[PDB]
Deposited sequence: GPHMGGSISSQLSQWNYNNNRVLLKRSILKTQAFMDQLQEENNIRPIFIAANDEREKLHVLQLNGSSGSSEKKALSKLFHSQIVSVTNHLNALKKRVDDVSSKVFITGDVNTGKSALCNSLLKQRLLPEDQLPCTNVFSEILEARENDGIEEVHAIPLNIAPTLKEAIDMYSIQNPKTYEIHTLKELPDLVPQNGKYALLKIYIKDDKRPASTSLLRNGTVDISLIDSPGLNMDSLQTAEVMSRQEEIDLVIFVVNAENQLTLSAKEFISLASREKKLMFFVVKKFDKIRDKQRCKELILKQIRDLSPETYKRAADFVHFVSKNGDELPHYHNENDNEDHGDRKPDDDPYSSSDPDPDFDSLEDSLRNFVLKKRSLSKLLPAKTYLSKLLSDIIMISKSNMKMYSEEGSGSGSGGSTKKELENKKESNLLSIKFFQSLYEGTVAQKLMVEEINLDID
């Protein structure tokens, strides 16, 4: 159809423009890394309103060689993030990350979205290993679990990245119902690839076989369990396009939740907030007000669109209650907003994280440049960098993603 073809043509245009800005911005990062290597860069002391958005420098030239090394590792971190964004902008699929504190109902929500009791769901801490659900066409139609062993690479990210269906040395095969035995084994597995078919449902009601976009769901291990587990959730975030953040109604957004949201918000201006266990709350209106106020503070653009992105969903499994015909307008409304965001609003759902991150990073570089401008060799460098990064930020702000 016309409006579908129009979204595709707009999506391709925006993807071209963002890729171009990513490459230019990486060059500025490379230029800043070389300059700092020969003449360490002055870092100003920032109050809270003027704190940098992406370049996390705990230290300043007034109060803090060791500052130079923190800067270098900051640029490396940003470079890795820009590469991850560039991979995502070029990837046709949409990866959805379902995360939150332990025991908020993450796996129950994934079962809800898949309309079956597939992922282990339990009163006590359960999911210790990233569980990615994909349609089985990627695995030649075969429904099974590929369990990626930690011991195939030095780091979990590297184990994940060397997995190939074509190379059996990178995974163990297991049946779908071995999953309750697999998801606790974070001392053994980096990640579970869970391949399923959904052949009895039409594309209109099938999330994984929707017929226009390849989607995978990643069920996260919980926040606030272990330092290593939290660090892995923090870094998996930048390799995924969309976050669904799951909130326990009794606790609202805890400090561990806010630390994740605040880190993800460097690129994810928009994200879903799904509040579970609201059915248990006695003072429902006071609870709802608390949650909404925290979202306003942590994710103001999500708050403006709260009707599309904030949902209260009590569906859980503790005959299959996830494919039951019983009416559930709360879940139905979440499923509809998710499909609309992912399938129809691709420029926003896929590409807004790239624009948001570039905008904030260019801002930071603009601030550093202004701070480092009147050796005189260094003066000319920061004048060129100021003028170039200013122009690039204006170009990124030109890119209009709200065209669907």
item: Missing residue ranges, deposited sequence indexing starting at 1; value: 1-6, 71-72, 327-346, 403-427
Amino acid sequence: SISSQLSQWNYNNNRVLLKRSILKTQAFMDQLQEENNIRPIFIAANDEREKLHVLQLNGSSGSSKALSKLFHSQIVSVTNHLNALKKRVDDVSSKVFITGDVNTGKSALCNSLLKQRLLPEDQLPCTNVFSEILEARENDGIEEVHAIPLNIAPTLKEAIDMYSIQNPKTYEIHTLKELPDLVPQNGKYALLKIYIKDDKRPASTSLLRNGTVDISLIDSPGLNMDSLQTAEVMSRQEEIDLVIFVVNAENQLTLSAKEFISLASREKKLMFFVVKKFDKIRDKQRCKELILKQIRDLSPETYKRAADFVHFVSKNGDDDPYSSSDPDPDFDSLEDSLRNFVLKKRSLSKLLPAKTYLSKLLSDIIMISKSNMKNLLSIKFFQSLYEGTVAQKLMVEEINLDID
From here on, numbers count along this sequence of modelled residues.
property	result
207-215 set against 169-177, stretch whose average Cα temperature factor tops the other in the entry	207-215
Higher-scoring stretch by recorded Cα B factor average, 379-387 or 13-21	379-387
C-alpha B-factor winner, where the candidates are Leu348, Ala45, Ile365, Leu358	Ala45
For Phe260, the third of its chain into which the C-alpha B factor falls	lowest
Third of chain Cα B-factors occupied by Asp336	middle
Entry-reported Cα temperature factor of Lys304, expressed as the chain third it lands in	middle
Relative C-alpha B-factor of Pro202, binned into the chain's lowest, middle or highest third	highest
CA B-factor ranking of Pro221, expressed as a third of its chain	lowest
